[PDB]
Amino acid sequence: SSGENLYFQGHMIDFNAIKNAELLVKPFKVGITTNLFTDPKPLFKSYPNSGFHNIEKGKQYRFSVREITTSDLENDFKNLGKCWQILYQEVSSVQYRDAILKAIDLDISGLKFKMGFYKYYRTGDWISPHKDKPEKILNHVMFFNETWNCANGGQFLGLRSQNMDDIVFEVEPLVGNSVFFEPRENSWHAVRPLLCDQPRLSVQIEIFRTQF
């Protein structure tokens, strides 16, 4: 049994998990976290299940997205679980800027961001090898699944070229795991297609100077 006492939990994000992320410099500079969230178990059930739009291109991809919008800001996040309002507040905090600066020596102060929920949930949902738009200065993908059968596909793939088989590293879409990187001319990555209808749940933070 656990002790009859308090336990420290400074924020929803464990910022030390960003500062001390696994850090690759080759094939490109990319940080990979474990245990990004201090209280991961409730996040899967609280993830939104309405308000998504299916999007696809046959660079190729098929998935669904629900953006955070100015409507959510103006109604105090009333259509979302409170944890997503807290995540928005922490991403927009000095603590997040300080953690990224320590991890990868990139200063995001004064930059803008978009934040969206990305859901792959149908057999075949995927994204093909791509680098991200050059307008994006930093991308941070965060995963929320409590369980994931690796045989179902859906891994984030770090690649050495624009080829699905030219894999250097893989990340499973499990809560606590996340990947953050600056898009560059060789930041090739993809998502291995789903082999069955299982929801694979993530949030992407896209940081930029020039709107796109």
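One rule holds for the numbers: they count along the sequence shown, beginning at 1.
Where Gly58 is followed by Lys59 in the displayed chain, the model omits 4 to 9 of the deposited residues that sit between the two.
As recorded in the PDB entry, 162-170 is the stretch of 162-170 and 176-184 with the greater mean C-alpha temperature factor. Between 73-81 and 89-97, it is 73-81 that carries the larger average Cα temperature factor according to the deposited entry. When the C-alpha B factors of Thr38, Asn49, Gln155, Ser64 are read from the deposited coordinates, the top value falls at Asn49. Looking at the C-alpha B-factors along this chain, the one for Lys112 belongs to the lowest third. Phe8: CA B factor in the middle third of modelled residues in this chain (values from the PDB entry). In the deposited entry, the Cα temperature factor of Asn149 sits in the top third of values across the chain's modelled residues. For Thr33, the recorded CA temperature factor ranks within the lowest third of the chain's modelled residues.
In the PDB entry, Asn20 places in the highest third of its chain by CA B-factor.
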